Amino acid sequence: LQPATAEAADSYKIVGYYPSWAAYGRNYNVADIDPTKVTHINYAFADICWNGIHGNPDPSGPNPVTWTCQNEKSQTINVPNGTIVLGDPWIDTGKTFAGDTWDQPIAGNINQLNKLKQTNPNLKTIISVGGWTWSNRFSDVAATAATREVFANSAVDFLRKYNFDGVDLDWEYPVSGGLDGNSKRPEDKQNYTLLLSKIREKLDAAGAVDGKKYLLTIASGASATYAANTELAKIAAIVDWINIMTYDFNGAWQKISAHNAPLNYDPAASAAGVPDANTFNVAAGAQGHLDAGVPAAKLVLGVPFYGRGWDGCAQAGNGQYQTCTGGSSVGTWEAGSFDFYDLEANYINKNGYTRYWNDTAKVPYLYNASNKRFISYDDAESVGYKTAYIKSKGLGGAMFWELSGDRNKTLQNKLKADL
């Protein structure tokens, strides 16, 4: 091949999440990933040790379980409070896969991520810490110098041991929001910035020693409250980029149906009383970061490779913005949510579900008139509007949750084609 012409686009990021638990019943393994579709993979998740255990027993979350803090062999370790630990040692580093032999330090999903690099040397891997279920100790870590130091040094340790290229903090969320059982403080706003600065300090030193650049990112909330509760301009100066979670704006937890990731404001949503319709859309979320002073190149737009549904929605408006009986009792792996590949096989203009298009919000939805279910989702067309927005605003690229939900690579192919 002739050496290809360089274009500004050559530089968009495509950051795909891989959830560690996909390797269980979902039967979607790291080795199933096509690395050519992404620039970075965020591995979800590592956790934080506190008093020798980790996890979150909050019963309002989907996985109310704790475990001892362990090493890569699933043996209990004694580490200081605030240490980043493997979230699920067995699947992360213990299970063997094709190519593994007895004579290697680690196996599991993480070694398979490193194999994807060997085969696809342009790929970078990033460990994501936290998320919805494991955000309960961030406030405690960020609250004092000593635990910020422990956490930052442990991020270097983890990256070095497991050959990650970077670390990503998914604190959901500083100050307010997230699961009720999360530790929270007003000072989370300033403390988060200092946590990030300390991590950058340690990554800068480690990179100088190790002969490389280590990356630091966060996943941010898209609401105005998140922006008010964080120092986005200061964060942006420290991190390599921010992955904004421009999705989960509406879902099975509310009675009025609406969109998971509407791109633009639809006046009809406000007329319907959809909570926060004015601001709960992708463009408003991204614009809030730009308005705060986040450079566009440091803003990577989150895109969902799943939808959300409701049961018992009236026929009016084809189910859209209607007061339904509740969240959908059906879902691909958990009630209320639908992976895109499942939608492709079983729902989009199939089995009584008819597709409709909201041309203001620029997203599709399904309504089954016989059974009254409504599903908001994203498809190739709506992803195309989201990439058009990325390009128009000069954003850094796209992030998506998550690889196992896009099994046919339909949405990945769209991102690739557009970015």
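Note that residue numbering follows the sequence shown and begins at 1.
Visitor: If you average the CA temperature factors over each stretch, which comes out higher, 130-138 or 70-78?
Guide: Averaged over C-alpha atoms, the B-factors run higher in 70-78.
Visitor: Tell me which stretch has the larger mean Cα B-factor in this entry, 338-346 or 116-124.
Guide: Of 116-124 and 338-346, the stretch with the higher C-alpha B-factor average is 116-124.
Visitor: Out of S382, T39, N358, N351, which shows the largest CA B-factor listed in the entry?
Guide: The listed residue with the largest C-alpha B-factor is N351.
Visitor: Which of these, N163, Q287, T101, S223, has its C-alpha atom at the highest B-factor, as the entry lists it?
Guide: Largest recorded C-alpha B-factor: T101.
Visitor: Consider only the C-alpha atoms of the modelled residues in this chain, order them by B-factor as the entry records it, and name the third containing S376: lowest, middle or highest.
Guide: CA B-factor rank for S376: lowest third.
Visitor: Please say which third, lowest, middle or highest, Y28 falls into when its CA temperature factor is compared across its chain.
Guide: It belongs to the highest third of the chain when residues are ordered by C-alpha B-factor.
Visitor: Among the chain's modelled residues, which third holds the C-alpha B-factor of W241?
Guide: It belongs to the lowest third of the chain when residues are ordered by C-alpha B-factor.
Visitor: Going by the CA temperature factor in the PDB record, which third of the chain does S20 belong to: lowest, middle or highest?
Guide: For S20, whose C-alpha B-factor we compare with every modelled residue in the chain, the answer is the lowest third.
Visitor: Would you mind ranking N250 by its C-alpha B-factor against the rest of the chain and naming the third, lowest, middle or highest?
Guide: Its C-alpha B-factor, which the entry lists for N250, ranks in the middle third among residues of this chain.
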